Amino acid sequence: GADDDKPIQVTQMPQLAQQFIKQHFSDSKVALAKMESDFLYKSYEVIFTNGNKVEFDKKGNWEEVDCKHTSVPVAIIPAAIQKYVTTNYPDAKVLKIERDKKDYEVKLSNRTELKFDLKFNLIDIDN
């Protein structure tokens, strides 16, 4: 829970996560890194000085990239999802992307939320 939050240095994060930050957020500055946990999970969150955030699983694989203050770096977005978005919502940016073992969620700047299965088939549009 919230009481279990533990601030850490970026160097205490999994190496996969450290690499991801360097790869995609080289131009951003880290405001706070923490380990988030409860009885049955552990994750890592990094918040940048512009308010954007990335959350990683215990292995350092991203699970949430929330760039609502700018937009999500395109390299992170699966090509089939980027094509769907740029075809059908050409005036929107992707503000957040999430993934788990079953789907991707994408939140657009026009407030639409899309969900895709792991084979990038559309399974929900919410406006």
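Numbers follow the displayed sequence, beginning with 1.
Mean CA B-factor, 25-33 versus 58-66: the higher value falls on 25-33. Per the PDB record, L40 has a higher Cα B-factor than any other of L40, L95, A79, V85. In the deposited entry, the Cα temperature factor of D117 places it in the lowest third of its chain's modelled residues. Per the PDB record, residue ranking by Cα B-factor puts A2 in the highest third of the chain. Per the PDB record, residue ranking by Cα B-factor puts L16 in the highest third of the chain.
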